[PDB]
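Colleague: Have a look at the structure that comes next, please.
Every residue, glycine as well, gets a Cβ built from its backbone with ideal geometry; the counts of neighbours run over all protein chains shown. Just so you know, all these numbers are worked out from the coordinates, no wet-lab data involved.
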Amino acid sequence: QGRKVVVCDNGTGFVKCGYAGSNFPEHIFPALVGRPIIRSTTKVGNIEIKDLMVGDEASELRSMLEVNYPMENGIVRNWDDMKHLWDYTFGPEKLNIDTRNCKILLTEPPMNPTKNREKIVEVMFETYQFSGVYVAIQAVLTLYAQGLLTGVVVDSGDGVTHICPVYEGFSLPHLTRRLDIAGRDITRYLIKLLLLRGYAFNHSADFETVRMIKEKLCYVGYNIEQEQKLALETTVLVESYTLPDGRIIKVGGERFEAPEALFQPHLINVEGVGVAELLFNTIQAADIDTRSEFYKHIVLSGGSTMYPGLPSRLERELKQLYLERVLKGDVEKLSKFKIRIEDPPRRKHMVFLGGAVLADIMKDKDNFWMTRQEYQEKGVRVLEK
Amino acid sequence: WXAXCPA
Amino acid sequence: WXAXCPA
Amino acid sequence: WXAXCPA
Amino acid sequence: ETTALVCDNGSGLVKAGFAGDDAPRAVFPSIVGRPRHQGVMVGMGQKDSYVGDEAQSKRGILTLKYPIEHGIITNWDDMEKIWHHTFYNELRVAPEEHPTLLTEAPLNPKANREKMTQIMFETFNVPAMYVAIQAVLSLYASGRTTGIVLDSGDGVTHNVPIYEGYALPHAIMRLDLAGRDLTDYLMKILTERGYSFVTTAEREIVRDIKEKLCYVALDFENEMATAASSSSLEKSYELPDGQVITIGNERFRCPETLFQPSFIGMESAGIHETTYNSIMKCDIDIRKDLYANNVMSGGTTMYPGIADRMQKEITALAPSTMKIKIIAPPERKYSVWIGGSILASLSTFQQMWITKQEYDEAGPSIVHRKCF
Amino acid sequence: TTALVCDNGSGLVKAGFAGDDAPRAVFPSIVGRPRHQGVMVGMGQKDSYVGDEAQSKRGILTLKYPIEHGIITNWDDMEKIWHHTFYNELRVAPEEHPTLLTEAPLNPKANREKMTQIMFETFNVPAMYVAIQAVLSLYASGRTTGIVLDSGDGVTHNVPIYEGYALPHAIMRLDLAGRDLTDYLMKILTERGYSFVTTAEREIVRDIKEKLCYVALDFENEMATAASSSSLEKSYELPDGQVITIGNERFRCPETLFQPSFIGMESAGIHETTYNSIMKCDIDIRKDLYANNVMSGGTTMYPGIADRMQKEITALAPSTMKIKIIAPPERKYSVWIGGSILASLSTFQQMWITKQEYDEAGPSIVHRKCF
Ligand SMILES: Nc1ncnc2c1ncn2[C@@H]1O[C@H](COP(=O)(O)OP(=O)(O)O)[C@@H](O)[C@H]1O
Ligand SMILES: Nc1ncnc2c1ncn2[C@@H]1O[C@H](COP(=O)(O)OP(=O)(O)O)[C@@H](O)[C@H]1O
Ligand SMILES: Nc1ncnc2c1ncn2[C@@H]1O[C@H](COP(=O)(O)OP(=O)(O)O)[C@@H](O)[C@H]1O
Ligand SMILES: [Mg+2]
Ligand SMILES: [Mg+2]
Ligand SMILES: [Mg+2]
């Protein structure tokens, strides 16, 4: 065993690794893979390069690379690409860990096919021969970083959104739903729109280029009507960003409507109902004693929820739903209703915190993991749940 | 329904 | 995915 | 009850 | 060995306390709930079984089941669990230190009594105990020796005519109708209004609603007509989720089931008819005394105006040449417990108890001959 | 000369003339509207394609069921479907003949009053009536005693009956129905690897369940045989040509009826509810109720359901008498057949409700009309 444990979240967009009992992750790198490519347009080789390169180096040298994403929505497309990424992160320059005497924690997305879990566990047991592994749900990995035994999670990130309400700790599987909206999609759409503006963009590397522009300029609104009238009546909200090549682009209206797809999936050809509406429906479909407790405690997890203004839009929408679908416009009784969105400052990384705290107290006792010994037997798997 | 269940 | 959506 | 009625 | 404990295993609630106190020290409903979901979090291995106010608080994720149904126990494990909880967690008194007093409805199977006595003597090894009737304790609490008892509890309603220094076991009538049937009918009608309630949590919610916003009607037809002019009778209640429910005729409809059992489909008679039949079966001379004294007790008889309706019905049925009086003390909920405490405090009763030695030498059948 | 019987099923609508042995109009209750911009202006665009057509062009519409679990939610959609069925399909004016309506038991009085008011005011029908699907099922079955298992698409309910009388105090209604089964089937199909979210794929999964689902006599034995998955998996062809392989899901979703805990509902199965309903009845009529068990509805066509119900009831009931399950092969339209037979009855020609008495009395009359 070696009393050594490393917690990782092999998600879709970014991959985080770190040791247990750590306040903040030691290493943070994204999931970028790309073979070398020469573009006849401009630029030539300047520094060293290798046939297969991944990690942070891609974020800096994507100019001469065919960057591709191995995972999206938390599902397996390219077995070899993920194998290469795992080899890289497990190499002596990213983690530098001994496979034969180490344990790991995995956080697979809720409501995913069992084939992905089976493949990943089999790969870890065979190719790298880890002594033991575990798989956990985001609910514990999130609620366990601040001491909450009840709440509703609106975890959103690259891939798809997910929800996993818990009341008094016990799980409520029959009240979880999935939607086909995430940051990648908000990106495809910043793109159709800046294309309209008249800029031609590819799907190889500029996809990563728009990431910073979305991070800085893109923001969500409070009221769609007021913001739209402001945009069409004024031009103060215009802003730009310096591209790596020095080119300058203007974006004043497209930076605002892209996040609106979250509350209006109709914009991107999805028969969705809206994050706030979905949350209200899920809460209502439950029992009664749990509705008030769920509303009182609610968390906004995931890096894709760091948009400025999302909590205000969500709370306003929820209050509107409560007013219209329950009180039929009776505002007087609506005053006492209370909501407190849980938005920790460390919303960029909270799952790693939960994994570290879990491994802090769940390391001494060996009856928690899928030990290597059980793998050699048949009639196996689904060890715990 | 109005109270309890949706309909 | 395998059926429905790409992944 | 045991026979007749429930209880 | 200075006092004794009196426990009333009510069909829907449990009352317990020391012998001598004027108020109970423990009042919690008889609920034995178990988790219904799977459970995911790891920092909790908590209490596979849940009892008492804890069960009421977290009823939203539990399958509440009442151990006692219509006065007869159905699950002995639940009853033993509730007994252990009340004895240890709440009272914090060891069974050996003091004896225990138990009460049960009349005309109950002997198997229940024998099993209860055996469990009490074997598991908790209580030094001594006794079995009594709620109605006689109601008489003791009321400080009277003659009358008729209307012990309309949550599970059973029964009457037991009494006279000075003696009882009439041949004129005892027991009716299965009780608060639970009223709650079921209330749920059914609330469905007809437009509000649906099925699970046990909403059962507790409807029970509270009935406890708070129900009353009896002096005249059914007149109340229905006034309901046709529904502008002064409807009332609103606030649900935990914040939804508001408006209740009209249902306030005075469900209680009428007591006087009209045909609503639920039971081929029986109302409480007034049963009391009239019981009193008629008695001797002629004691009929006057029974009419002059009518004690009622139980949690199902707190509806305002019930006493007036009962008086009117009895006077209409009875000859209109004497006076009929209804006595409605404002503390009838705990009358049984008060009577049990007073009986235990009696000096003469210190020898009527049943001890372990005589029980072991004789057997469980002894309790059968102990005051019937 | 005749009357029209319309059954507003939670998922389908049945209509036809009084006297015919088969319905003349069978289309699902769909009221769809365009989702896209409404851009085209040539040949055919209509604001709301609701009706039979909706199924064909469901790929560009937001299908919504007007009726949810037996209770109407949108009155405009219901009026639109009524108008469509009366005019486009039946092509019969409301004034010419009366109309018969059916609804599930234990429904709110508001729905009944609104339906009666709309029928009497908008279409000015000469007369109409309101009945229960279970009693019409009895009439269709040609029996006077038994217990009805009316497991429809939206509601499942039972109503014990005896010779010449009913037992209103022993009626149990369960919200579980085909829609919940379809939702659970979608959820499990997600666990397999196939994703379906929108309403069009909802219809696709509904068809898949209708075609490739069955009940299992023993759950554990079927699961074990599934562990040896070499003879149970079956393939279905999607419209796009993709092939989906379904294994344990065939006998998993139907088991939700006997195990409501799968969806998280704190209730009991159909067998337990029927046992409780029969027990609440008088002792003597229990024998007759056991000897006769009529079932109807579109959710009870799964092969082997009757055998499983018989086995469960016999296991629960004392093993000293005989329990028989009757499963007619035309239970889908049993309600409509019963309604037609009841309308054809001579004695029922006077029980109708006419415009004069309705106007003088008011909407509350229907409440006292046979409960
Ligand atoms: N500041 C941001 N603004 C908009 N989107 C963001 C922002 N930060 C991250 N995202 C989006 O969230 C996605 C991943 O978030 P994250 O939850 O950390 O992935 P993971 O679930 O593997 O930890 C990214 O693809 C990115 O598009
Ligand atoms: N404040 C109240 N108003 C009306 N009914 C009440 C009230 N409190 C209790 N009840 C009814 O009385 C019942 C409990 O009274 P209780 O005497 O403890 O039953 P039991 O006789 O078995 O002990 C409850 O089921 C409830 O329906
Ligand atoms: N051949 C079938 N096999 C299984 N289920 C079916 C079949 N045909 C219909 N169904 C199901 O039964 C339902 C039909 O609606 P239905 O049960 O008749 O409600 P109602 O009785 O109120 O008309 C559909 O939802 C469908 O899922
Ligand atoms: Mg993540
Ligand atoms: Mg009592
Ligand atoms: Mg039906």
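Colleague: FRET efficiency for A:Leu52 and F:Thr225, Cβ-Cβ distance as r, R0 = 56 Å, nearest 0.05?
Modeller: 0.75
Colleague: Compute the Rg/Rh shape ratio of the protein assembly as shown: radius of gyration over Kirkwood radius, all on alpha-carbon atoms.
Modeller: 1.01
Colleague: Quick one: grab Rg to one decimal and Dmax as a whole number for segment A:164-252, Cα atoms only, in Å.
Modeller: Considering segment A:164-252 through its Cα atoms, Rg and Dmax are 18.2, 55 Å.
Colleague: Taking 8 Å as the Cα distance limit and 6 or more residues as the minimum spacing, I'd like the relative contact order of segment F:157-288 as a percentage.
Modeller: Relative contact order here is 24 percent.
Colleague: Over segment E:80-129, what is the relative contact order in percent, taking alpha-carbon pairs closer than 8 angstrom and at least six residues apart?
Modeller: Rounded, it is 48 percent for segment E:80-129.
Colleague: Convert 25 °C to kelvin, take the viscosity as 0.890 mPa s, use the Kirkwood radius over C-alpha pairs of segment F:225-353 as Rh, and evaluate the Stokes-Einstein diffusion coefficient in µm²/s, rounded to a whole number.
Modeller: Diffusion coefficient, whole number: 133 µm²/s.
Colleague: Related question: Hey, what does the equivalent ellipsoid look like for segment F:278-371, semi-axes from the Cα gyration tensor as sqrt of 5 times each eigenvalue, largest first, whole Å?
Modeller: 37, 18, 12
Colleague: Considering only C-alpha atoms, what is the centroid distance from segment E:155-190 to segment A:218-238, in Å?
Modeller: 71 Å
Colleague: For chain F, what relative contact order do you get, as a whole percent, if you take Cα pairs closer than 8 Å and at least 6 residues apart?
Modeller: 20 percent
Colleague: Among E:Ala316, E:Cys254, E:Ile209, which residue has its Cα positioned farthest towards the positive end of the charge dipole of chain E, with +1 placed on the Cβ of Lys and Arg, -1 on the Cβ of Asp and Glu, and the dipole taken about the Cα centre?
Modeller: E:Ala316
Colleague: If you filter segment E:233-300 for trypsin sites (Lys or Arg not before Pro), then keep DSSP loop positions with at most 15 other Cβ within 10 Å, what is left?
Modeller: E:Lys281
Colleague: Right, next: Give me F:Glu266, A:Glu225, A:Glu26 sorted ascending by neighbouring Cβ count inside 10 Å, so fewest comes first.
Modeller: Ordered by Cβ neighbours within 10 Å, fewest first: A:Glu225, A:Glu26, F:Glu266.
Colleague: Between A:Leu194, A:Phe368, F:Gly9, whose Cα lies farthest towards the positive end of the dipole of the protein assembly as shown when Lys and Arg beta carbons carry +1 and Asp and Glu beta carbons carry -1, centred on the Cα centre?
Modeller: Of the listed residues, the answer is A:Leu194.
Colleague: Looking at the protein assembly as shown, what % of its DSSP beta bridges pair antiparallel, to the nearest 5?
Modeller: 65 percent
Colleague: Another question, if that's okay. Take the Cα pairs of segment E:1-92, get the Kirkwood Rh, then feed it into Stokes-Einstein at 37 °C and 0.692 mPa s and tell me D in µm²/s.
Modeller: 228 µm²/s
Colleague: Based on the Cβ-Cβ distance of E:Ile366 and A:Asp364, what FRET efficiency does E = 1/(1 + (r/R0)^6) give at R0 = 56 Å, to the nearest 0.05?
Modeller: Efficiency computed from Cβ-Cβ geometry: 0.50.
Colleague: If you keep only loop residues by DSSP, which trypsin sites (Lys or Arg not before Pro) in segment F:119-194 have at most 15 other Cβ atoms within 10 Å of their Cβ?
Modeller: Here the trypsin sites (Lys or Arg not before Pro) that fit, given the DSSP loop and packing criteria, are F:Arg143.
Colleague: Sticking with this structure for a sec: With only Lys, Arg, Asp and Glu charged, each at its Cβ (+1 for the first two, -1 for the last two), find how big the charge dipole of segment F:28-68 is about the Cα centre; round to the nearest 20 debye.
Modeller: Approximately 140 debye in magnitude.
Colleague: Which of the GluC sites (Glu not before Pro) across segment A:40-90 are loop residues per DSSP, with 12 or fewer other Cβ within 10 Å?
Modeller: Loop-located and lightly packed - A:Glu48.
Colleague: Using a simple spin-label model with points 7 Å from Cα along the Cα→Cβ vector, what separation in nm is obtained for E:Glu96 and A:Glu26?
Modeller: Inter-label distance under the simple model: 5.9 nm.
Colleague: Taking the Cβ of E:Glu104 as the center, what net charge do the other residues with Cβ under 10 Å away carry, scoring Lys and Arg +1 and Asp and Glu -1?
Modeller: Every neighbour counted, the sum reads 0.
Colleague: Report the Cα centroid-to-centroid distance between segment A:315-334 and segment A:131-147 in angstrom, as an integer.
Modeller: 35 Å
Colleague: Mind sorting F:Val26, A:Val236, A:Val5 by how few other Cβ atoms lie within 10 Å of their own Cβ, fewest first?
Modeller: Lowest count first: A:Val236, F:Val26, A:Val5.
Colleague: What is the magnitude of the charge dipole of the protein assembly as shown about its Cα centre, with +1 placed on the Cβ of each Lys and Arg, -1 on the Cβ of each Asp and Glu, and no other charges, expressed in debye to the nearest 20?
Modeller: For the protein assembly as shown, the charge dipole is close to 900 debye.
Colleague: So what's the net charge close to A:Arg255: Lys and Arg +1, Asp and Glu -1, counting the other residues with Cβ under 13 Å from its Cβ?
Modeller: -2
Colleague: Sticking with this one: For E:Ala128, which sequence-distant residues (separation of 5 or more, or a different chain) have an amide H within less than 5 Å of its own amide H, given hydrogens modelled in the peptide plane?
Modeller: The list, which skips near neighbours in sequence, is E:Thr100.
Colleague: Further question on the same structure: Tell me the Kirkwood hydrodynamic radius of segment E:183-271 in angstroms, computed as one over the mean inverse distance between distinct C-alpha pairs.
Modeller: 13.9 Å
Colleague: In whole Å, what is the distance between the alpha-carbon centres of segment A:72-91 and segment A:192-207?
Modeller: Cα centroid to Cα centroid, the span is 27 Å.
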